[PDB]
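Visitor: part one of the complex, left exactly where it sits:
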Amino acid sequence: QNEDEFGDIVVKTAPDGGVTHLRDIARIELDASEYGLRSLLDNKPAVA
Amino acid sequence: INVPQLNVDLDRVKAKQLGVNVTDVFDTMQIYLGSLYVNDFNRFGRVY
């Protein structure tokens, strides 16, 4: 549901018992699905 | 919203340290309790 749960993802489990989490290797943020276009209205953030 | 049900909580860290895949837990629950559909078989020329 959120960024921190996505950080908890186990990308590698060490043989002794040790867990490497997704936050260890990446930054997890909520954002846009693509970035090709921007929209301003009089130089303030907007959507048409 | 007050029909009786069951909640099943899966310990993710305990699963991955114990060597069990979280998709494997969910797959067991689904197949055993939820009746997965696998593929079709033919009977009297009809697909079932």
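Guide: Okay, I see it. Numbering: from 1, shown residues only, chains lettered A, B, ... in the order given.

Visitor: Burial check on residue A:3, number of neighbours?
Guide: 13 (other C-beta atoms under 10 Å in any protein chain shown). Using the backbone N, CA and C atoms, a C-beta is placed for each residue, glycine as well.

Visitor: I'd guessed it sits against residue A:31; true?
Guide: No. Look at residue A:3 against residue A:31 with C-beta atoms under 8 Å: they stay out of range, at 10.0 Å.

Visitor: Just give the number of residues close to residue A:19.
Guide: The local packing of residue A:19 (other C-beta under 10 Å) involves 16 other residues.

Visitor: for it, what are its contacts?
Guide: Going by C-beta atoms under 8 Å, 6 or more residues apart in numbering or on different chains, residue A:19 touches A:10, A:12-13, B:13, B:16-17.

Visitor: Now it: phi and psi?
Guide: phi -110, psi 120 (degrees, to the nearest 10).

Visitor: Just list whatever residues bridge to it.
Guide: residue A:13 (DSSP bridges).

Visitor: Quick check: chain neighbours aside, which residue is closest to whichever residue of chain A sits closest to chain B?
Guide: In chain A, no residue comes nearer to chain B than residue A:10, which is 4.5 Å away by C-beta to the nearest C-beta. Nearest non-adjacent residue to residue A:10, counting by C-beta to C-beta, 6 or more residues apart in numbering or on different chains: residue B:16, 4.5 Å away.

Visitor: while you're at it, add chain C from this line:
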Amino acid sequence: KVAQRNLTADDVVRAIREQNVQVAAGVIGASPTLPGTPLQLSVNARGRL
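Guide: Chain C now in position relative to the chains above:
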């Protein structure tokens, strides 16, 4: 010949699917990018035979 090399037809089919395939090679400097990045460059890589 394929058996002589200890291969089944599935092996060769996997090889063709693996080596005859388009590539999504990426883009350098695309949004979002840290400031000062001057250019947005697409990457090419010969993938299809």
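
Visitor: Surely residue A:28 is in contact with residue A:22?
Guide: Yes. Taking C-beta under 8 Å as the definition, residue A:28 is a contact partner of residue A:22 at 6.6 Å.

Visitor: if I look at those two, which residues touch both of them?
Guide: With C-beta under 8 Å, 6+ apart, residue A:28 and residue A:22 have common neighbours A:6-7.

Visitor: Excluding chain neighbours, what is closest to residue 29?
Guide: All of this refers to chain A. residue A:3 (6.3 Å).

Visitor: sorry, should have said chain B
Guide: residue B:8 (7.0 Å).

Visitor: Quickly find the element holding that neighbour.
Guide: Residue B:8 is part of no helix or strand when elements are defined by DSSP states H and E.

Visitor: roughly how far apart are it and chain A?
Guide: With distances taken as C-beta to the nearest C-beta, to the nearest Å, residue B:8 is found 18 Å from chain A.

Visitor: That residue contacts residue B:26, doesn't it?
Guide: No. Here residue B:8 lies out of contact with residue B:26, judged by C-beta under 8 Å, at a distance of 9.8 Å.

Visitor: That concludes my questions; thank you for your assistance.
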